[PDB]
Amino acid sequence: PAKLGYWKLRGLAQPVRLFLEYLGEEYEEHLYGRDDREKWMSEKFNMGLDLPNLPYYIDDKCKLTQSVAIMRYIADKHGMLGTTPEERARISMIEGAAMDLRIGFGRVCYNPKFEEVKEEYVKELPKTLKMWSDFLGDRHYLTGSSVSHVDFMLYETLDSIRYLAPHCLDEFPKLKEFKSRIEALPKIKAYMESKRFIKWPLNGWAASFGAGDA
């Protein structure tokens, strides 16, 4: 059974964990916590990761790091990243704007004074989701008609704002229907109820928004 490390936090281990349940890989999970930043620290340089970090992926064959890198290569195992250079480019281009989001926000989800930086950024939040949904146009999923790794990227970001921007999450139609579809899919849906799902937090205890223990 593979292995996905990270602390009990939706952090950036959600899409990657979701992507595994969707593609039912019997993986193991290496959870972390607050009582364990040090419990982790000392280990950060043992599992031997060319570029240590979290979430880390341990395989009998590969030892990768980087949420995305820990997804991309797990997509090749199922050859999902397309085939033709053209189309193979549209898959990454998306994860580009899939991190553009979480990144442009992640920096602001642990700092005390996020609020100030939060206050006016919502001016652009509809804008980003203006082209994000406009782009979602009318298709079933991000890249066409079949759930690809990038789709859970953009999903966990939405259900992420569903906790501090619902007023605007509803502001956009298409993207609204979206959230439900992923929540619809088979084991994904069942996962969203299983004994091994991470509900709260969604950013990490040590933070003001989306953070917290319970």
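We number the residues from 1 along the sequence you see.
In this crystal structure, the stretch out of 165 to 173 and 47 to 55 whose C-alpha atoms carry the higher mean B factor is 165 to 173. For the pair 70 to 78 and 100 to 108, the mean B factor over Cα atoms is greater in 100 to 108. Considering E29, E38, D159, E183 together, the PDB entry gives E38 the largest C-alpha B factor. Considering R139, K118, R90, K130 together, the PDB entry gives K118 the largest C-alpha B factor. In this PDB entry, the Cα temperature factor of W200 sits in the top third of its chain's modelled residues, the highest group. Ranked against the other modelled residues of its chain, the C-alpha B-factor of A13 as given in the entry falls in the lowest third.
Looking at the C-alpha B-factors along this chain, the one for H149 belongs to the middle third. Annotation for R34: CA B-factor lies in the highest third of the chain's modelled residues. The deposited CA B-factor of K189 belongs to the highest third of values across its chain.
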